[PDB]
Amino acid sequence: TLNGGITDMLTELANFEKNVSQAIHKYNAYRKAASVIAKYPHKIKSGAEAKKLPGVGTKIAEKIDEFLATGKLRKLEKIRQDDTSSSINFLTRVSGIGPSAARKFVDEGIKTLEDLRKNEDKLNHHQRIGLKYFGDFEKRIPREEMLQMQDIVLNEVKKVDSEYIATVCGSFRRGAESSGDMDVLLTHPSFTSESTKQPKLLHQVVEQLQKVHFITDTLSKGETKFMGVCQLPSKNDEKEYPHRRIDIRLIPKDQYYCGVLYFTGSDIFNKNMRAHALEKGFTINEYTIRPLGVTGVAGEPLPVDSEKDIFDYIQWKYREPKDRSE
DNA sequence: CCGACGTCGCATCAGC
DNA sequence: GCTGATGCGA
DNA sequence: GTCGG
Ligand SMILES: Nc1ccn([C@H]2C[C@H](O)[C@@H](COP(=O)(O)NP(=O)(O)OP(=O)(O)O)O2)c(=O)n1
Ligand SMILES: [Mn+2]
Ligand SMILES: [Mn+2]
Ligand code: NA
Ligand code: NA
């Protein structure tokens, strides 16, 4: 955590540009700068030293010099003191409320937690559930709890159909001692890139999880992706566990490796790897890796038999999940 | 300089 | 209702 | 905000 002060500053600047300025590429630029500094193994002593890193340019180098010298950034100081930015920034912390809805709400004089509770009628379903569990969703999940959750999910899925395979991905698969949520990759032999031989494959799994009162709420739900809320069972006289975010992703079984690569992350690792893939003349999604044709159009899917095969195509040394925490 | 910046799913809305 | 764009999110 | 070509 050598440069925590610097990475915190950049992250706050990223959130500002995303939530307030609605400038997603500035948000990404700061996300990237924060990431490359985060894994830089020296305590940074100047902006010039920082500017050597890819993604760190002049402006950020200048900001790092201010931060090192003073321990603050006047730019951030002002943003903090500002009514509207602070309100918009806060509202986006509710799941389902983004930059657009947040700014629209603030315009209407809705800018506090109290205001949201008072105006629940103005929320779409996602946002209402997000407000309901605002407190809970602030809390992180200890890996021990994640292990309990894994046991329930894997066993309940087994009970539906023994041919399901459920794989917990995200920060958990990367070995994090705590997680923001739980991500579950799901496969079933009936669903491949070639055919879907059974309907409601994801539905049946969700339904079962609701039945045992594990899944408590639904944010969104389609044929291949579920976003919702779950909770561990507590014992007698035990205070209940916090409600947790969970999302589930049904991937065609023959495309498991691209799927698990995607869902393991991190988000920035995925961006770095896909950017590199493009440089090498391939494109990668959660389904396939395709070569790019000489006019830039994606071609047929390439054979994939392991995560490492995808790494091999773009000439990257294989990296274990725990080294993908970028 | 300066266009281009990872790829896609589900909810909602605009237009017909 | 459908098609495509936008919002929010993985 | 950054950068490659
Ligand atoms: N922008 C994003 C967000 C997520 N993802 C993929 C990579 C993530 O590791 C995986 C799960 O998303 P996530 O749950 O938001 N983040 P993740 O599990 O990495 O870390 P946590 O904050 O949940 O601990 O989805 C992505 O490819 N692009
Ligand atoms: Mn996660
Ligand atoms: Mn998730
Ligand atoms: Na740089
Ligand atoms: Na939000």
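Throughout, a chain's letter reflects where its sequence line sits, starting with A, and its residues are numbered from 1. Heavy-atom basis, side chains included; hydrogens, waters and symmetry copies ignored.
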(message) Going by ring pair (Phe, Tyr, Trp, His ring centres under 6.0 Å), name the pairs with one or both residues in residues 60-108 of chain A, residues two or more places apart or in two chains.
(response)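 Listed by first then second residue: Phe90(A)-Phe134(A).
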(message) Tell me whether the side-chain N/O atoms of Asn124(A) come closer than 4.0 Å to OP1 or OP2 in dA11(B).
(response)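 No, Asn124(A) has no side-chain N/O under 4.0 Å of OP1/OP2 on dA11(B).
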(message) Under 4.0 Å from OP1 or OP2 of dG9(B): is there any side-chain N or O of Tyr287(A) that close?
(response) yes
(message) Regarding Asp247(A), tell me which of base, sugar-phosphate or nothing describes its non-hydrogen contacts under 4.0 Å with the strands shown.
(response) sugar-phosphate
(request) Have a look at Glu17(A) and say if it touches a base, only the backbone sugar-phosphate, or nothing, with a 4.0 Å heavy-atom cut-off. (result)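 It contacts nothing in the nucleic acid.
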(request) Check whether any side-chain heavy atom of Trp316(A) sits under 4.5 Å from a side-chain heavy atom of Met273(A), and report yes or no. (result) yes
(message) Enumerate the side-chain hydrogen bond (donor to acceptor under 3.5 Å, both in side chains) contacts for residues 50-64 of chain A, please, sequence neighbours excluded, ordered by first and then second residue.
(response)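 Not a single pair qualifies under side-chain hydrogen bond (donor to acceptor under 3.5 Å, both in side chains).
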(request) Under 4.0 Å from any heavy atom of chain A: name the first and the last nucleotide of DNA chain C that qualifies, 5' to 3'. (result) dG7(C) to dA10(C)
(message) Tell me which residues in residues 47-64 of chain A lie within less than 4.0 Å of DNA chain D, going by non-hydrogen atoms.
(response)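 Nucleic-acid contacts, sorted: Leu53(A), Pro54(A), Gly55(A), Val56(A), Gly57(A), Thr58(A), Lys59(A), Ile60(A).
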(request) Output the residues of residues 256-274 of chain A in contact with DNA chain C, where contact means a heavy atom of the residue under 4.0 Å from an atom of the strand; sort by number or write none. (result)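 Contacts with DNA chain C under 4.0 Å: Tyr262(A).
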(message) Measuring from the side chain of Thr283(A) (C-beta onward, heavy atoms only), which nucleotide among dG6(B), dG9(B), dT7(B) has the closest atom?
(response)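 For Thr283(A), the side-chain atoms sit closest to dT7(B).
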(request) Could you tell me whether the side chains of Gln315(A) and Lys280(A) share a donor-acceptor contact shorter than 3.5 Å? (result)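 Indeed, the side chains of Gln315(A) and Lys280(A) share at least one donor-acceptor pair under 3.5 Å.
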(message) Run the salt bridge (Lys or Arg N to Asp or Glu O under 4.0 Å) test on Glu108(A) and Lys104(A) for me, step by step, so that the C-alpha distance in whole Å, both residues' side-chain angles and the decisive distance to 0.1 Å come before the verdict.
(response) CA-CA 7 Å; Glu108(A) 305 173 14; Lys104(A) 172 135 190 308; 2.7 Å; yes
(message) With heavy atoms of chain A within less than 4.0 Å as the criterion, where does contact along DNA chain D begin and end?
(response)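 Span of nucleotides near chain A: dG1(D) to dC3(D).
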